[PDB]
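To start, the structure under review is shown below, and the notes come after it.
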Amino acid sequence: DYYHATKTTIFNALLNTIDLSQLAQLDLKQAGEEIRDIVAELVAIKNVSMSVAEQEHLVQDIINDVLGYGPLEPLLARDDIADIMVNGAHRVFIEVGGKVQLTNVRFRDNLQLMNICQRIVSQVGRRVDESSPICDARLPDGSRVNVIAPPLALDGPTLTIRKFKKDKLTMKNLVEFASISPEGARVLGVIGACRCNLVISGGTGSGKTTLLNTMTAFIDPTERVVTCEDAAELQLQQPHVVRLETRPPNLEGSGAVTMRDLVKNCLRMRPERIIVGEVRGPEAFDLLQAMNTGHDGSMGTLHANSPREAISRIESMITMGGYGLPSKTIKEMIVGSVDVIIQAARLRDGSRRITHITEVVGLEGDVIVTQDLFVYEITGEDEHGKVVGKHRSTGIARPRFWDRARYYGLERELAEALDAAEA
Amino acid sequence: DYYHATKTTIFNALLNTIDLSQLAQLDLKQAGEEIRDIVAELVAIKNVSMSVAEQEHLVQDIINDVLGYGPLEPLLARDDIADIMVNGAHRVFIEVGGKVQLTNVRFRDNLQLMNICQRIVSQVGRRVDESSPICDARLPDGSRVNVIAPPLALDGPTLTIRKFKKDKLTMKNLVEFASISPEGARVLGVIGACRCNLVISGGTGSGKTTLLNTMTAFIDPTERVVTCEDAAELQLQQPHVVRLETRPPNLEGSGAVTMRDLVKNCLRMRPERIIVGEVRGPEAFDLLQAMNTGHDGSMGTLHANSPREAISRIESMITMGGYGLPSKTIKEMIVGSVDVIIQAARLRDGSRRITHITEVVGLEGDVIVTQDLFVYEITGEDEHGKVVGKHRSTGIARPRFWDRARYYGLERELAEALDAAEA
Amino acid sequence: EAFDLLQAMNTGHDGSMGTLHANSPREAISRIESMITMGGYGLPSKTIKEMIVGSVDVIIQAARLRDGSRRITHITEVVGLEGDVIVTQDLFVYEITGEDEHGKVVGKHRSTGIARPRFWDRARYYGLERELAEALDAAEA
């Protein structure tokens with residue numbers, strides 16, 4: 001009841017005594033203590049229906065106005081809310097238990113919201129205003145903030161926040177959700193630990209990224225990484241990561257940095273796992289060379305259905321590269337670099353499965369000989385509209401990289417998994 | 001633990017006495033005197049546990065605050081620090097002889113790191129900002145620096161400085177290091193002493209310049225040599241040498257001396273060999289003229305992965321020159337000029353080898369013909385983790401440049417080396 | 001922007017929409033391919049068709065009659081990619097019978113009589129399947 005008018009009076013009185021114009025003076029603690037005392041004194045000096053509880057509340061609200069986020073502080077705190085969505089200064093929604101709901105926490109007006117947004121984003125050296133009404137940011141708490149201003153958004157400043165995620169889609173989620181076998185899971189774990197290159201290919205909707213992220217989660221932390229993504233989608237877990245991104249054409253048809261330049265520049269910064277987001281232009285070439293010159297453990301993605309189609313696509317990309325190499329040298333390079341070409345595909349039942357786990361055995365004539373470590377053999381389709389199969393093995397005694405797995409000190413696990421898969 | 005707090009206090013005292021807002025006053029020497037004087041006065045009046053050495057360190061820290069590099073200096077001053085990696089404002093890693101770790105040295109604000117990067121690239125007339133967000137450079141002291149800007153790097157600026165090191169390899173030592181087999185060593189000695197227009201290609205981190213120095217160590221003394229470099233790296237061991245270097249554009253971007261102009265002028269100094277430090281632009285054109293109009297022995301290095309890409313890149317550069325030459329003319333010119341291409345590269349396991357020793361044979365329509373004498377054919381990898389190969393020989397009975405070998409009477413030794421290698 | 005929109009049709013935002021300028025659903029799909037190629041991402045010409053076959057699930061065509069009136073004409077779907085061409089299974093259509101004594105065009109809204117449309121499986125989730133079956137049956141009668 002008496003919160004609004006009393007808070008307005010406190011704001012006016014404190015501004016008269018010690019306003020924000022004293023910035024750089026009455027440091028955060030100093031201003032907090034002084035404002036608390038001034039509000040306590042004004043509650044009696046001026047008629048204030050705010051009792052002791054309302055007195056502490058007014059002190060807290062003054063702290064918020066001068067310093068804090070105000071109405072978002074509660075929701076930003078609560079642990080049952082993962083995502084917060086503010087549509088104009090009036091309506092705020094929250095994702096509780098995997099579903100959106102409305103809770104009335106209004107802002108004083110649009111100016112307040114458009115100031116809170118800047119105070120939020122600038123915490124990591126950004127700023128959003130009427131000369132750049134878009135903003136996105138990532139924070140130390142694993143969160144991600146996205147802000148749009150009133151020049152575009154009609155309703156009013158629109159904010160979206162996704163707070164900490166901790167249970168990233170680790171392998172066990174893939175396993176138990178009927179998309180990969182256990183022994184295959186251990187084989188993948190070893191393929192990732194042994195810094196053996198890999199390339200991921202999946203039909204439309206196969207979800208290349210999710211898989212690539214699950215794989216990156218394997219790298220040993222001591223290995224410096226450089227992820228040259230197209231849009232900031234990968235969410236790595238290591239301490240040593242280094243992000244990047246491209247830039248599209250400007251209004252004058254210039255000022256663009258295509259991913260080729262980024263992949264070229266990543267060579268300098270002494271990396272040890274040049275991860276990529278997607279391979280469409282000639283960048284393939286550069287990436288492959290990076291795989292060969294002593295960066296054992298890179299990754300990547302591309303669009304193709306069956307692994308052999310993936311190899312053909314890579315060769316087509318390089319040919320589009322405009323370098324004119326013979327059709328044999330390119331194949332030799334691919335056979336020398338790539339070590340596993342995982343697969344991912346979406347089946348008619350709407351699920352998502354890892355159909356193949358293919359290697360690159362070698363070069364023979366004009367055919368790059370490959371062998372498979374696992375495959376997805378369907379058995380039938382159920383009444384509920386599903387497609388069900390099984391992950392079949394091939395009892396292979398030794399892959400091409402067995403020596404490497406012997407080196408990095410995880411030799412047994414590979415054979416244990418491959419042999420026990422027959423169980 | 002008094003270092004940080006005392007330093008903050010002394011910085012505040014200096015700012016109150018002489019603040020950075022007084023720019024254009026208290027200049028280089030005036031500052032070097034007044035800052036030290038105020039520091040001594042504060043240390044005398046203001047009890048600081050810092051000693052005379054610590055007092056000098058604090059004085060230098062304030063000097064850095066004024067016009068310095070930021071906290072990089074205490075790192076750079078060391079010798080065990082072989083690499084400095086920034087990755088944003090909040091982290092600085094280092095490698096110390098085989099191991100790598102994090103350090104408890106940090107920056108204050110992305111403004112500090114960004115300004116330090118802009119300054120250190122202004123040392124060699126380079127500027128990195130929101131218009132050209134990428135900058136690679138080599139500082140005069142010898143070490144290499146790379147920097148990426150906020151628009152791409154999502155974590156603010158990212159900067160890497162690689163410690164300088166010296167190789168000075170020799171052809172008699174390369175054989176022990178297993179780079180080139182002794183038969184190859186004799187063949188290359190003949191190829192270098194016989195004034196053969198060659199081009200030493202190389203891939204990322206391959207280490208061309210060492211090879212180029214090792215090769216030029218074969219030149220006969222009296223020959224008047226002329227280089228054209230950008231960093232003053234080489235170390236020629238001949239009495240009659242003339243050295244050179246380009247002068248990048250001034251702060252206003254005017255009066256620049258591009259390697260092209262250096263070459264076009266070296267054409268008039270009566271040189272016998274025009275060595276070049278590297279090939280980046282249309283200067284190749286001029287160099288090719290030097291390769292053709294009676295300056296036999298000109299060398300040079302360009303960044304290419306395999307010879308049949310190096311040729312295409314040379315053609316692309318010449319076309320980019322904007323001369324309007326039809327492509328076929330460019331191919332004719334290259335076929336006429338170049339004589340040998342030595343493609344060196346770094347294999348996966350980190351070693352350095354010489355993979356190709358090729359000779360341009362001629363032109364047949366729209367395809368250039370090459371007759372690789374050697375190829376470092378990969379055989380396998382040992383159990384200890386290092387690859388294994390062998391320098392196979394195609395064993396051409398008489399290479400193209402045989403005539404030259406005759407004119408200098410060295411042909412017999414080349415024939416012996418071929419016979420040994422042919423088997 | 002069509003490409004980006006297709007991403008939304010793909011990465012679990014099922015329910016996107018859009019509007020574009022065309023006359024014949026095949027012409028509409030050709031226009032979409034042209035738009036995606038405009039971006040210059042370098043995609044081949046078959047992957048674009050794969051993307052458009054895996055993304056879209058209805059292509060409604062509405063038109064203006066020659067006479068000066070508007071009618072809804074096609075409720076075509078997308079069935080798949082057979083080789084290098086896209087296929088359709090137009091559910092409903094509107095056929096121009098002729099003219100009246102005044103001159104206005106006349107016609108009938110007809111259902112080709114397909115039994116289980118492609119999106120039927122999806123409609124199974126939301127318990128609409130019975131309603132769709134009933135409507136198609138009444139049309140077929």
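Ligands are numbered from 1 in the order shown, residues from 1 within each chain, and chains are lettered A, B, ... in the order they appear in the structure tokens.
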
>> as JSON, numbers by chain, please: every residue in chain C that DSSP puts in helix (DSSP H, G or I).
In response: {"C": [2, 3, 4, 5, 6, 7, 8, 9, 10, 25, 26, 27, 28, 29, 30, 31, 32, 33, 34, 35, 36, 37, 38, 45, 46, 47, 48, 49, 50, 51, 52, 53, 54, 55, 120, 121, 122, 123, 124, 125, 129, 130, 131, 132, 133, 134, 135, 136, 137, 138, 139, 140]}

>> Contacts from chain C to chain A, 8 Å maximum, only C-alpha atoms: show me the residue list as a PyMOL selection string.
In response: chain C and resi 10-11+41-43+47+50-51+54+121

> How would you write, as a PyMOL selection string, the set of residues in segment 103-197 of chain A that DSSP gives as strand (DSSP E)?
Replying inline: chain A and resi 134-138+144-148+158-162

Each residue of chain A with at least one atom at most 8 Å from chain B should appear once, together with its nearest atom pair and the corresponding distance in Å (one decimal); atoms considered: only C-alpha atoms; ordering: chain, then increasing residue number; output as JSON lines.
```
{"residue": "A:125", "atom": "CA", "partner": "B:110", "partner_atom": "CA", "distance": 7.3}
{"residue": "A:222", "atom": "CA", "partner": "B:100", "partner_atom": "CA", "distance": 7.9}
{"residue": "A:242", "atom": "CA", "partner": "B:87", "partner_atom": "CA", "distance": 6.5}
{"residue": "A:243", "atom": "CA", "partner": "B:154", "partner_atom": "CA", "distance": 6.1}
{"residue": "A:244", "atom": "CA", "partner": "B:153", "partner_atom": "CA", "distance": 4.7}
{"residue": "A:245", "atom": "CA", "partner": "B:152", "partner_atom": "CA", "distance": 5.2}
{"residue": "A:246", "atom": "CA", "partner": "B:152", "partner_atom": "CA", "distance": 6.3}
{"residue": "A:247", "atom": "CA", "partner": "B:152", "partner_atom": "CA", "distance": 7.2}
{"residue": "A:255", "atom": "CA", "partner": "B:131", "partner_atom": "CA", "distance": 7.8}
{"residue": "A:267", "atom": "CA", "partner": "B:204", "partner_atom": "CA", "distance": 7.3}
{"residue": "A:268", "atom": "CA", "partner": "B:146", "partner_atom": "CA", "distance": 7.3}
{"residue": "A:269", "atom": "CA", "partner": "B:160", "partner_atom": "CA", "distance": 6.2}
{"residue": "A:291", "atom": "CA", "partner": "B:348", "partner_atom": "CA", "distance": 7.9}
{"residue": "A:292", "atom": "CA", "partner": "B:348", "partner_atom": "CA", "distance": 5.3}
{"residue": "A:293", "atom": "CA", "partner": "B:348", "partner_atom": "CA", "distance": 5.3}
{"residue": "A:294", "atom": "CA", "partner": "B:348", "partner_atom": "CA", "distance": 4.3}
{"residue": "A:295", "atom": "CA", "partner": "B:348", "partner_atom": "CA", "distance": 7.2}
{"residue": "A:296", "atom": "CA", "partner": "B:348", "partner_atom": "CA", "distance": 7.0}
{"residue": "A:323", "atom": "CA", "partner": "B:309", "partner_atom": "CA", "distance": 6.1}
{"residue": "A:324", "atom": "CA", "partner": "B:312", "partner_atom": "CA", "distance": 7.4}
{"residue": "A:325", "atom": "CA", "partner": "B:308", "partner_atom": "CA", "distance": 6.3}
{"residue": "A:403", "atom": "CA", "partner": "B:383", "partner_atom": "CA", "distance": 6.9}
{"residue": "A:404", "atom": "CA", "partner": "B:385", "partner_atom": "CA", "distance": 7.7}
{"residue": "A:407", "atom": "CA", "partner": "B:385", "partner_atom": "CA", "distance": 6.9}
```

> Contacts of residue 300 of chain B at 10 Å or less, counting only C-alpha atoms, minus same-chain residues fewer than 2 places along, as number ranges by chain?
Replying inline: B: 197-201, 208-209, 212, 227-228, 274-279, 284, 287, 297-298, 302

> By least-squares superposition of chain B on chain A, using all C-alpha atoms in order, what RMSD in Å to one decimal is obtained?
Replying inline: 7.0 Å

> atom CA of residue 321 of chain A to atom CA of residue 285 of chain A: how many Å, to one decimal?
Replying inline: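 Going from atom CA of residue 321 of chain A over to atom CA of residue 285 of chain A, I get 7.5 Å.
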
> Skipping near chain neighbours, those fewer than 3 positions away, what residues fall within 10 Å of residue 46 of chain C using only C-alpha atoms, listed as a list in words?
Replying inline: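 Returned residues: residues 33, 43, 49, 50, 51, 52, 81, 83, 84 and 85 of chain C.
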
>> Which residues are close to residue 62 of chain C, i.e. within 9 Å by only C-alpha atoms, leaving aside same-chain residues fewer than 2 positions away? Reply as an MDAnalysis selection string.
In response: chainID C and resid 23 60 64 70:75

Please dump the current selection as a PDB file, in the first residue's frame; keep C-alpha atoms.
```
ATOM      1  CA  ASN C  23       0.780 -18.626 -58.682  1.00  0.00           C
ATOM      2  CA  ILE C  60      -1.692 -23.334 -49.567  1.00  0.00           C
ATOM      3  CA  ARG C  64      -7.880 -13.996 -57.612  1.00  0.00           C
ATOM      4  CA  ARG C  70     -11.069 -14.215 -54.905  1.00  0.00           C
ATOM      5  CA  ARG C  71     -11.140 -17.935 -54.134  1.00  0.00           C
ATOM      6  CA  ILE C  72      -8.952 -20.441 -52.283  1.00  0.00           C
ATOM      7  CA  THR C  73      -7.546 -22.931 -54.751  1.00  0.00           C
ATOM      8  CA  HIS C  74      -4.955 -25.441 -53.506  1.00  0.00           C
ATOM      9  CA  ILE C  75      -4.137 -27.097 -50.193  1.00  0.00           C
TER      10      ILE C  75
END
```

> Neighbours of segment 1-18 of chain B within 12 Å (only C-alpha atoms; same-chain residues fewer than 2 positions away dropped), as number ranges by chain?
Replying inline: B: 20-27, 30-51, 54-66, 105

>> I'd like the contact shell of segment 337-340 of chain B - 9 Å cut-off, only C-alpha atoms, skipping same-chain residues fewer than 4 positions apart - returned as a list in words.
In response: residues 191, 196, 197, 198, 199, 200, 288, 289, 290, 291, 292, 332, 333, 357, 358, 359, 360, 361, 400 and 401 of chain B

Written selection (N, CA, C and O atoms) as a short mmCIF file (atom, residue, chain, number, x, y, z; two decimals), in the first residue's frame:
```cif
data_model
loop_
_atom_site.label_atom_id
_atom_site.label_comp_id
_atom_site.auth_asym_id
_atom_site.auth_seq_id
_atom_site.Cartn_x
_atom_site.Cartn_y
_atom_site.Cartn_z
N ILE B 191 71.82 -28.40 -56.62
CA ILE B 191 70.76 -27.52 -57.10
C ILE B 191 70.96 -26.10 -56.62
O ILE B 191 70.55 -25.15 -57.29
N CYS B 196 69.91 -22.21 -59.78
CA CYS B 196 68.65 -22.73 -60.29
C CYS B 196 67.49 -21.92 -59.74
O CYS B 196 67.34 -21.80 -58.52
N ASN B 197 66.65 -21.39 -60.63
CA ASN B 197 65.51 -20.57 -60.21
C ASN B 197 64.52 -21.46 -59.48
O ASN B 197 63.75 -22.19 -60.10
N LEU B 198 64.52 -21.39 -58.16
CA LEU B 198 63.67 -22.25 -57.36
C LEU B 198 62.72 -21.42 -56.52
O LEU B 198 62.80 -20.19 -56.49
N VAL B 199 61.78 -22.10 -55.87
CA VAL B 199 60.79 -21.48 -55.01
C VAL B 199 60.49 -22.46 -53.89
O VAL B 199 60.04 -23.57 -54.15
N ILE B 200 60.72 -22.04 -52.65
CA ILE B 200 60.57 -22.92 -51.50
C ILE B 200 59.18 -22.71 -50.92
O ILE B 200 58.98 -21.85 -50.06
N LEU B 288 59.32 -12.78 -60.91
CA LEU B 288 59.39 -13.69 -62.04
C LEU B 288 60.19 -13.08 -63.18
O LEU B 288 60.99 -13.77 -63.81
N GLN B 289 60.00 -11.79 -63.44
CA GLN B 289 60.85 -11.14 -64.43
C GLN B 289 62.31 -11.26 -64.04
O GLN B 289 63.16 -11.57 -64.88
N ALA B 290 62.62 -11.06 -62.76
CA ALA B 290 63.99 -11.26 -62.30
C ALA B 290 64.42 -12.70 -62.48
O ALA B 290 65.60 -12.97 -62.74
N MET B 291 63.50 -13.65 -62.33
CA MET B 291 63.86 -15.04 -62.57
C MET B 291 64.19 -15.30 -64.03
O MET B 291 64.85 -16.30 -64.33
N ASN B 292 63.77 -14.42 -64.92
CA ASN B 292 63.81 -14.69 -66.35
C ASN B 292 64.84 -13.86 -67.10
O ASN B 292 65.46 -14.36 -68.04
N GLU B 332 52.46 -19.71 -69.24
CA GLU B 332 53.69 -19.74 -70.02
C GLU B 332 54.83 -19.12 -69.24
O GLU B 332 55.94 -19.68 -69.18
N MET B 333 54.58 -17.97 -68.62
CA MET B 333 55.64 -17.27 -67.90
C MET B 333 56.15 -18.10 -66.73
O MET B 333 57.37 -18.22 -66.53
N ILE B 357 60.45 -32.56 -53.99
CA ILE B 357 61.48 -31.87 -54.77
C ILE B 357 61.07 -32.01 -56.23
O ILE B 357 61.43 -32.97 -56.90
N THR B 358 60.33 -31.03 -56.75
CA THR B 358 59.71 -31.14 -58.06
C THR B 358 60.39 -30.20 -59.05
O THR B 358 60.95 -29.17 -58.66
N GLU B 359 60.33 -30.56 -60.33
CA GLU B 359 60.87 -29.72 -61.40
C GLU B 359 59.77 -29.46 -62.42
O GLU B 359 59.15 -30.39 -62.92
N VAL B 360 59.56 -28.18 -62.74
CA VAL B 360 58.58 -27.83 -63.75
C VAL B 360 59.11 -28.23 -65.12
O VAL B 360 60.22 -27.83 -65.51
N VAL B 361 58.34 -29.02 -65.86
CA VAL B 361 58.80 -29.62 -67.10
C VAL B 361 58.40 -28.78 -68.31
O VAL B 361 59.22 -28.56 -69.21
N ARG B 400 65.74 -31.89 -65.76
CA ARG B 400 65.69 -30.80 -66.73
C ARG B 400 66.94 -29.95 -66.69
O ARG B 400 67.50 -29.60 -67.74
N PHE B 401 67.42 -29.60 -65.50
CA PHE B 401 68.51 -28.65 -65.37
C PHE B 401 69.87 -29.28 -65.64
O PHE B 401 70.89 -28.66 -65.31
#
```

> Hey, can you check how far atom CA of residue 387 of chain B sits from atom CA of residue 335 of chain A?
Replying inline: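 That distance, rounded to one decimal, is 15.9 Å.
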
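Note that the spacing between atom CA of residue 273 of chain B and atom CA of residue 301 of chain B amounts to 14.2 Å.
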